[PDB]
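To start, the structure under review is shown below, and the notes come after it.
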Amino acid sequence: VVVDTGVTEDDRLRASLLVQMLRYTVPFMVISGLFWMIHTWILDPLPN
Amino acid sequence: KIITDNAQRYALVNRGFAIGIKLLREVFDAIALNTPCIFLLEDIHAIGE
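Chains as they are written, first to last, in our numbering: chain B, 1 to 48; chain X, 101 to 149.
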């Protein structure tokens with residue numbers, strides 16, 4: 001009998017990938033908020 | 101959104117001074133601040149004879 005688990009290396013690598021995305025999510029949201037504040041202000045204001 | 105107003109409410113004159121005829125340009129340049137909009141103005145012959 002071959003005893004097994006369900007944690008083959010692929011899901012571990014995918015978990016580390018998810019952790020990396022979680023690490024990056026905050027600065028990207030900061031820069032996006034900045035860009036959209038600027039674009040809403042000057043680069044695309046109301047017509048009048 | 102829609103803005104409606106009548107013209108008779110601005111044909112008010114006294115002493116040969118038409119008060120409402122600049123009230124109208126004031127409401128016009130206020131319409132110009134709430135885009136996009138439809139501005140209704142009925143019975144314009146009251147100020148267009």
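Virtual Cβ for every residue (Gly too), placed ideally from N, Cα, C.
Notebook entry, point to check: Are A107/X and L141/X close, meaning C-beta to C-beta below 8 Å?
Noted result: Yes, these two residues count as a Cβ contact at 8 Å.
Next item on the list: Label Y110/X either buried or exposed according to how many other C-beta atoms from any shown protein chain fall within 10 Å of its C-beta, with 16 as the threshold for buried.
Entry: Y110/X is buried by the Cβ-count criterion.
Check: Where does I138/X fall in DSSP's three states?
Finding: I138/X falls in the strand class under three-state DSSP.
Notebook entry, point to check: In angstroms, rounded to a whole number, what distance separates the CA positions of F28/B and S16/B?
Noted result: Approximately 19 Å, taken between the alpha carbons.
Note to self: Quick check on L133/X - is its C-beta less than 8 Å from some C-beta in chain B?
What the structure shows: Residue contact check for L133/X against chain B: a CB pair falls below 8 Å.
Notebook entry, point to check: Assuming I103/X and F139/X make a contact with CB atoms under 8 Å, what is their CB distance in whole Å?
Noted result: Sure, about 5 Å apart at Cβ, within 8 Å.
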